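A quick write-up on the structure given underneath.
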Ligand code: NI
C-alpha cells in the first residue's frame with residue numbers, strides 16, 4: 001500500500017507511486033524523473049494518466065513502451081491546470097528531465113515536492129521567490145553533516161585534466177566511463193570533448209541518450225566503437241576483470257585503460273580532497289572513483305530550506321528507520337531555530 005509521503009493532500013494526486021497497483025482516489029500519477037526507484041511499476045500495460053516533463057515522456061514511450069495516450073508532458077516554468085488544480089514544473093538540477101512540482105491547492109495551501117534534486121542558489125530566483133510554501137516534500141538523501149563533496153564543476157575539471165594528461169602521454173590509451181542510469185552525462189561528454197572524440201556505446205544506451213534533447217547530440221555520440229576513444233560500459237563492468245575483457249575486444253588498438261566510476265558520496269570524502277584522489281591500479285588498468293553527485297550536499301540542502309522557510313517538512317528519503325527519522329527531525333529544528341522561522 002502507498003505510503004503517506006507519496007500522496008498530495010486535498011488532491012487526487014500521487015508522486016512517484018507506480019508500484020502499489022491502483023491507488024484508491026488517485027486521478028493523476030506524477031513522475032518526477034526517469035530513475036528506476038521512482039518509476040518502479042510502470043510498464044507498457046499501465047492505463048492511467050501520467051504527468052511528467054517532455055524528456056521523461058520521451059523515455060516512457062521509447063524505453064518502457066508506455067502507450068502515448070496515457071503520457072501527459074508539461075512545459076517547465078509554466079502555470080498549468082491538471083484536473084482542476086494549478087501546478088508548475090521546475091528544473092530539479094538532478095538528471096535530464098527531472099522536475100520539482102509546485103501544487104496550488106484549492107484551499108490556498110502551497111506544496112513543493114522536490115522529487116530528487118541538487119539544491120542550488122539559482123533556485124532562489126525561480127517562480128519559488130513569488131509566494132509562500134506551507135509544506136515541503138524533501139529529498140533528504142544526504143541529510144547529515146558528514147556528507148560533503150565538491151561542486152560538479154571541480155569534479156569535471158579533475159576528470160578532464162586527468163584524461164587529457166594520460167592520453168597525451170600515451171596516445172594508445174583508451175578511456176572508459178561506467179553508467180547504469182541516466183544522469184551524470186557531463187562526465188563522459190566533457191572528457192570526449194577534451195580528447196577530440198565522439199563517445200562510443202551500445203545501441204541500448206545510444207537509444208536512451210537520443211531521448212534527452214541534448215543540443216547537437218548527433219555530433220557527440222556514436223555506436224561505432226572503433227571510431228571512438230572514449231567508451232561507455234555498464235557500471236558493473238568497471239573492475240579489473242571486466243576491463244581486461246573489454247581491452248581484448250578492441251583488437252590491439254589500445255595498450256592501456258584509464259576508467260572512471262562516477263559514484264555518489266563515499267567515506268573517502270571525509271578525508272581526501274578531490275585534488276588528492278588517486279586510482280586503483282593493476283598492470284595497464286587504472287580506475288578512478290569520482291564523487292559526482294546529483295543530490296544536495298548537507299550544506300546545499302540546509303541553505304535551500306532556510307531560504308524557503310516552509311511550515312512543515314516531509315522527508316521522502318531515509319524514512320525506513322527510526323534512527324534516520326529522528327536524526328533528520330533534529331536537523332530540521334536546528335535549522336528553524338537558527339534562522340528564526
Ligand atoms: Ni534519482
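Bear in mind that the values in this text are calculations on the coordinates, not laboratory data. No Cβ is skipped: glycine too gets one built from the backbone with ideal geometry, and neighbour counts run over all protein chains shown.
Summary table
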| read-out | value |
| --- | --- |
| Some residue of the stretch 220-227 being surrounded by 18 or more Cβ atoms within 10 Å (Cβ to Cβ), touching a helix residue (DSSP H, G or I) at 6+ places or on another chain (Cβ under 7 Å) and in a helix (DSSP H, G or I) | no |
| Top-ranked residue in the stretch 83-95 [being part of a loop (DSSP other than H, G, I, E, B) and under 20 Å from residue 9 (Cβ atoms); ranked as nearest to the ligand (Cβ to nearest atom)] | 83 |
| Only one of 283, 289 that is at positive phi and either surrounded by fewer than 19 Cβ atoms within 10 Å (Cβ to Cβ) or touching a residue at least 12 places away in the same chain (Cβ under 8 Å) (or both) | 283 |
| Residues satisfying the stated conditions in the stretch 7-38, i.e. within 16 Å of the ligand (Cβ to nearest atom), within 21 Å of residue 75 (Cα to Cα) and touching a helix residue (DSSP H, G or I) at 6+ places or on another chain (Cβ under 8 Å) | 15, 16, 31, 32, 33, 34 |
| Residue selected from the stretch 67-90 under the condition closer than 30 Å to residue 292 by Cβ and touching a residue at least 24 places away in the same chain (Cβ under 8 Å), by the criterion surrounded by the fewest Cβ atoms within 10 Å (Cβ to Cβ) | 77 |
| Lone unmet requirement of (1) within 16 Å of the ligand (Cβ to nearest atom); (2) free of Cβ contacts under 8 Å to residues at least 24 places away in the same chain for residue 165 | (1) |
| Given (1) surrounded by fewer than 22 Cβ atoms within 10 Å (Cβ to Cβ); (2) within 16 Å of the ligand (Cβ to nearest atom), number of the condition residue 119 does not satisfy | (1) |
| Segments classed as strands (runs of 3 or more DSSP E), wholly inside the stretch 259-334, with at least 2 members that are farther than 28 Å from residue 182 by Cβ | 280-282 |
| Residue among 166, 190 that is over 15 Å from the mean Cα position of the chain (by Cα) and under 16 Å from residue 217 (Cβ atoms) | 190 |
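Quick grid of which residues meet (1) in a loop (DSSP other than H, G, I, E, B); (2) in contact with a helix residue (DSSP H, G or I) (Cβ under 8 Å, 6 or more places away or on another chain); (3) touching a residue at least 12 places away in the same chain (Cβ under 8 Å):
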site: 58; (1), (2), (3): no, no, yes
site: 64; (1), (2), (3): yes, yes, yes
site: 97; (1), (2), (3): yes, yes, yes
site: 108; (1), (2), (3): yes, no, no
site: 118; (1), (2), (3): yes, yes, yes
site: 123; (1), (2), (3): no, yes, yes
site: 148; (1), (2), (3): yes, yes, yes
site: 155; (1), (2), (3): no, yes, yes
site: 160; (1), (2), (3): no, yes, yes
